[PDB]
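Within every chain, numbering begins at 1; the chains are lettered A, B, ... in the order of the sequence lines, protein sequences first and strands thereafter.
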Amino acid sequence: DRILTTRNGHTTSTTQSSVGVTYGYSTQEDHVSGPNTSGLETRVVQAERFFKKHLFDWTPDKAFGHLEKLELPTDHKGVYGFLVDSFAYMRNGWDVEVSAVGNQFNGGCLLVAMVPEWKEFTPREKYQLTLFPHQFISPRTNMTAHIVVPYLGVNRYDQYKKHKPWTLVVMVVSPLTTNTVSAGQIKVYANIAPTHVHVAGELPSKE
Amino acid sequence: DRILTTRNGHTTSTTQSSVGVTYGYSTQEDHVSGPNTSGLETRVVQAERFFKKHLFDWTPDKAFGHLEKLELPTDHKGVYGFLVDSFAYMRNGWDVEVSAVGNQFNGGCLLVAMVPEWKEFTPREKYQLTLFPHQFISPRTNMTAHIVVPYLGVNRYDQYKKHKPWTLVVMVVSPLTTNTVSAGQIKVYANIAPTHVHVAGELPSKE
Amino acid sequence: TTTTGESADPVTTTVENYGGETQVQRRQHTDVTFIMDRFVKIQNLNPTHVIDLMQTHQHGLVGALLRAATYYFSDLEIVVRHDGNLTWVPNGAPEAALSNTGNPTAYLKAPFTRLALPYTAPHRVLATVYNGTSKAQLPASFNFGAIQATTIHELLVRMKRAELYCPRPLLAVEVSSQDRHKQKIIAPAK
Amino acid sequence: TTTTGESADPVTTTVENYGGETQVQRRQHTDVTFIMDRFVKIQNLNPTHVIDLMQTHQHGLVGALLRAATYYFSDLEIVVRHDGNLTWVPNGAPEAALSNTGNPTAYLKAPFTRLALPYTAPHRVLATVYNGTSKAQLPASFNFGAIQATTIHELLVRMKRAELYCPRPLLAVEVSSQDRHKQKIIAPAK
Amino acid sequence: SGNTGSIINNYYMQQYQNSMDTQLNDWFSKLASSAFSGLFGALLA
Amino acid sequence: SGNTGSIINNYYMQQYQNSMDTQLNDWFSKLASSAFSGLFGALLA
Amino acid sequence: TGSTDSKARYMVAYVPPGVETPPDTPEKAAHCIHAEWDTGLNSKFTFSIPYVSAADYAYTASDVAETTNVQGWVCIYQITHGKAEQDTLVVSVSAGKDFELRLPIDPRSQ
């Protein structure tokens, strides 16, 4: 059963080349109603759905250690994005799908990981990125990686305009190889959905 | 018990000069899940809260029949307003409070009514505006009128950018009178909250 | 009866307050379904005609009572005096369809044709006023279909099993007299 | 829903897949017996006329749905406007028989004659297309008999208790627009 | 129902005579019946 | 049966009104009812 | 219908009425009801276009006056592909379980 369909709201994603789902650090969420919001937080399901982002083009010239990152949340022009501008505090986890579509004649390997409290890693530290929740993408085996993570941080609710707890990271483990029958490059995309979205502290309007 | 407190979300309104609440046409709402939305509608409680609007200045020179109106929904710069731009279809009722603060030494009478499918009324038709859900405001008795109405219309969900089913109407029944001890004019404000807000058909982002 | 006028709570006082006695009342004639259930003329006609109840006369018994409601529902009966054959198409049909026999077509039989038609609008109810646009006038979808014949001389409509919602103003003739509107009431000759 | 497309197994996905809810449907209007049960015009007439349903217009409601089936069965009703007396003979009769009164003959009664006729073909079902010869056109035996009168002005046919078998292509108007075929839909005047 | 007075059933089925209603209430009757009557306060008759 | 709406029986016998069938089955209804629905494979909702 | 060595990832979105023009990118369209899928062993993907409208029924024909479509749009995107330059995606349509048609008419020119 390499076939998987994921649903988030009124959006679905179906992949026929998956190696399952990796859950990071936990399988459920910490308590979303703590003392810091005095019972004024509310959930917004209309924001729990997939949004898209191109990460990069995986080409043969990129070597081991080449790293691409996406700090979350990122600019969002839909419901979720509106919440970031209209409420002072928020919390949510992430349902992350990364795809790298070439063909089975390509070779190589990408590491896909979710990193809490991103800091630029030194070359030597890249050898240990597997300490973070991750999966690999190798054209001979899969085109999709899927990671699910909960919200975390020193604070139970956050101000995303000031702090991004999670960072999606894609790193080249072994360079893309090409044949006469393979793809020449692979475009890597992310399909992300925020999960268990809660907001607190409605802000005034700007007009 | 002339004292009443109304709560809509994280917003409250307390009045000490009320003559109760008038419910128009119904006490509950028709079914919000019908065939036209194929079960894709969702409720948005974050929008069910008070917003404010100045209607007009009630002065001694305005005569019987002077009419001021507010078609709903009106421009809204908060959560509700965002829903109108992000979803194709919506439905909601209204919790309406209108205040006209002068003092007990003022005289006169205002008619406050909620009218479905507004059409400009002729002078003779103004004598029958009491056919619509309403209350009066007379300085000797109250400073606040309170009307609650359900959603209605030929369609179970609406496109508010194209049709406004409800119109708030304030009409002078008897002109404002003044003394040496009374207020010289009365500013009339509306405190409105949308109720049972449902949306269907998420729209794409504009960027 | 003394009450708080501002709250607008209905108050129905009776003659018993000063020693009278309230009588028995029979209100069948003001029953909504009953009063709307009679034929009225349409008047502005063309060989191709879309059935719209708002074309009833605004001061006519049915036309005025209809406009005294915001929303309504009903089935319909029509009587049409026409030359040629009469074709009817439901709400939503392309005008072009009126030319084909596969649609309900009534072959001329003097003196006129009477038909029972069902409500065919896509809305749960129709309205007599509509505050908005569909693209003041009413939305094009507020109709009971269309009819066509070589010539349509007369058209009568009758609302069946009518339902009315949300009352609106209904006016009598204005009075200039200063006391009463007076008119000739029927009275025996000689 | 993901499936093996090549096997051509029917697959009906629903809105429930992404959280919607499938509604109730009422399909009486697309019921075969019902939809074919209405009168349509025949058009190409002569004083001697063999009743052949394939003479219905190919784009007409009944004519098109009929051609969207390979085989069919039905009884028939006809309405004929004629001068003189109208005679009908069953499938297989010698054309000469149309002149005799011993065959069902309807004496003129204005405005026209309506009759119920049974299926009389020697085949268990008839076809709208036939890949072969009987001695492209259809075999002569595919008919519902023949009628004759001094003059036949109009002929309407109605399929009763119709049965259709083996669906065939049914086409809407082709679109040149590049987006949608647009036409005048009926809408209230003024 | 309303302005129909035949003692005898209709020759045609209801599915043909009228449109048929589907499901998923008289407000003014309730409003009128809820009206206050009599007097407010003490009476010396 | 199909587009007939009289509550009352026909005045004529069935042997006259219609032809009569003899004997010696809805394929598309079965075909449609047999259609696959839902999802194929694992779901993470 | 591509060969074994060709892969692709697609997206279909239902865009309701309410916007001037349809979204030109998957990113803008992501905010609508939509499904994404990739090619593999199963060659076919089926998606339901939901009935979402103000009225309970919609007209089958379209009027000359309506410029922008009244029921919205369907947009099909290619997220990306791998060696699928000459390979195609065949599209067909069928009626859903609650699809319904009512009020027979005879509209064609005869």
Side-chain angles (χ1 to χ4, degrees), chain A residues 1-6 8 13-30 50-59 62-74 92-102 104 106-153 164-177 186-196, chain F residues 42 44, chain G residues 9 36 38 79-80:
Chain A
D1 188 43
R2 303 281 310 303
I3 183 180
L4 170 76
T5 291
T6 299
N8 279 298
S13 189
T14 298
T15 179
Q16 298 193 63
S17 59
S18 105
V19 290
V21 177
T22 285
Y23 285 85
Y25 304 141
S26 186
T27 41
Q28 13 112 183
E29 298 254 338
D30 56 27
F50 285 119
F51 67 89
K52 285 128 167 73
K53 203 82 177 40
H54 171 263
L55 299 180
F56 78 115
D57 292 338
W58 186 19
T59 54
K62 293 173 172 68
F64 160 65
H66 178 89
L67 187 156
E68 217 71 50
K69 63 159 190 61
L70 180 68
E71 303 187 19
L72 300 172
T74 193
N92 66 90
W94 304 100
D95 188 350
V96 181
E97 238 197 7
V98 171
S99 74
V101 179
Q104 62 277 53
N106 281 111
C109 181
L110 290 177
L111 169 70
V112 179
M114 286 296 282
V115 180
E117 308 305 339
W118 162 266
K119 167 205 82 97
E120 196 199 289
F121 295 106
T122 71
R124 291 184 72 208
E125 298 175 313
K126 291 175 181 177
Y127 287 80
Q128 295 179 33
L129 288 195
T130 46
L131 285 176
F132 300 109
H134 70 281
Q135 284 196 333
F136 297 93
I137 293 180
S138 294
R140 66 178 295 99
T141 298
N142 60 321
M143 298 196 289
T144 292
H146 198 145
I147 304 169
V148 176
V149 297
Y151 170 85
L152 38 59
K164 310 293 187 72
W166 285 107
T167 295
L168 171 56
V169 171
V170 179
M171 179 184 88
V172 172
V173 173
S174 195
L176 184 63
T177 61
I186 295 185
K187 301 182 93 69
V188 184
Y189 286 82
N191 195 28
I192 306 159
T195 65
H196 302 293
Chain F
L44 172 74
Chain G
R9 188 158 184 92
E36 203 182 277
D38 63 12
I79 298 306
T80 186

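Distance check, rounded to the nearest 0.5 Å: CG of A:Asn8 to CG of A:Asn191 gives 8.5 Å. Atom OH of A:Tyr25 sits about 14.5 Å away from atom CG of A:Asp30, to the nearest 0.5 Å. Rounding to the nearest 0.5 Å places OG of A:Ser13 at 10.5 Å from CG of F:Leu44. With rounding to the nearest 0.5 Å, the separation of CG in A:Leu110 from CD1 in A:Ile186 is 7.5 Å. Separating the CG atom in A:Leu4 from the OG1 atom in A:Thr144 is a distance of 9.0 Å, to the nearest 0.5 Å. Distance check: A:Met171 CE to A:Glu68 CD gives 12.5 Å after rounding to the nearest 0.5 Å.
Residue A:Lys53 qualifies as open at atom NZ: its count of foreign heavy atoms under 6.0 Å is 12 or below.
Residues A:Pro150 and A:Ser26 come closest through the heavy atom pair CG-CB, 4.2 Å. Considering every non-hydrogen atom in both A:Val172 and A:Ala63, the closest pair reads CB-O, 3.5 Å.
At a threshold of 4.5 Å between non-hydrogen side-chain atoms, the residues A:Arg2 and A:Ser17 count as touching. Considering only heavy atoms from C-beta on, A:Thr6 stays 4.5 Å or farther from A:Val21 through its side chain. With a 4.5 Å cut-off on side-chain heavy atoms, A:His196 and A:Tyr151 do not count as touching. Side-chain atoms of A:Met114 and A:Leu168, non-hydrogen and from C-beta on, do get closer than 4.5 Å to each other. For the pair A:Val149 and A:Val96, the minimum side-chain heavy-atom distance is 4.5 Å or more.
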_With side-chain contact (heavy atoms from CB on, under 4.5 Å) as the criterion, how do A:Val101 and G:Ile79 come out once you've worked through the C-alpha distance, each side chain's angles and the decisive distance to 0.1 Å?_
CA-CA 10 Å; A:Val101 179; G:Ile79 298 306; over 6 Å; no

*Going through the distances and angles, do A:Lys52 and G:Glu36 end up as a side-chain contact (heavy atoms from CB on, under 4.5 Å)?*
CA-CA 11 Å; A:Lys52 285 128 167 73; G:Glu36 203 182 277; 2.7 Å; yes

*Carefully, step by step, assess A:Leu129 and A:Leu67 under the rule side-chain contact (heavy atoms from CB on, under 4.5 Å).*
CA-CA 11 Å; A:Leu129 288 195; A:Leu67 187 156; 4.2 Å; yes

*Does the side-chain contact (heavy atoms from CB on, under 4.5 Å) test come out yes or no for A:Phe56 and A:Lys62, once each step is laid out?*
CA-CA 11 Å; A:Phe56 78 115; A:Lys62 293 173 172 68; 4.0 Å; yes

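A:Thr14 pairs by the side chain to side chain donor-acceptor pair (under 3.5 Å) definition with A:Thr5, not counting sequence neighbours. Partners of A:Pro194 according to the side-chain contact (heavy atoms from CB on, under 4.5 Å) rule, which considers only residues two or more places apart in sequence or in another chain, are A:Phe51, A:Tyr80, A:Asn92, A:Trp94, A:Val197.
Checked by atom type and distance alone, the side chain of A:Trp58 never pairs as donor or acceptor with a backbone atom of A:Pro175 at under 3.5 Å. Between the side chain of G:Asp38 and the backbone N or O of A:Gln16 there is at least one donor-acceptor pair closer than 3.5 Å. Put simply, the side chain of A:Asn142 gets close to the backbone of A:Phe136: a donor and an acceptor are under 3.5 Å apart. Of the possible donor and acceptor atoms, none in the side chain of A:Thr195 sits under 3.5 Å from a partner among the backbone N and O of A:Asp95. The backbone N or O of A:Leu72 sits nowhere less than 3.5 Å from a side-chain atom of A:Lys164 that would complete a donor-acceptor pair.
The side-chain contact (heavy atoms from CB on, under 4.5 Å) with A:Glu97 is formed by just one residue from the set A:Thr15, A:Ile147, A:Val112; it is A:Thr15.
The distance between the ring centers of A:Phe64 and A:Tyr127 falls below 6.0 angstrom.
Between A:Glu117 and A:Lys119 there is no salt bridge, since none of the side-chain N atoms of the basic residue sits less than 4.0 Å from a carboxylate O of the acidic one.
Annotation: side-chain hydrogen bond (donor to acceptor under 3.5 Å, both in side chains) contacts involving residues 128-141 of chain A, sequence neighbours excluded, comprise A:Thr22-A:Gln135.
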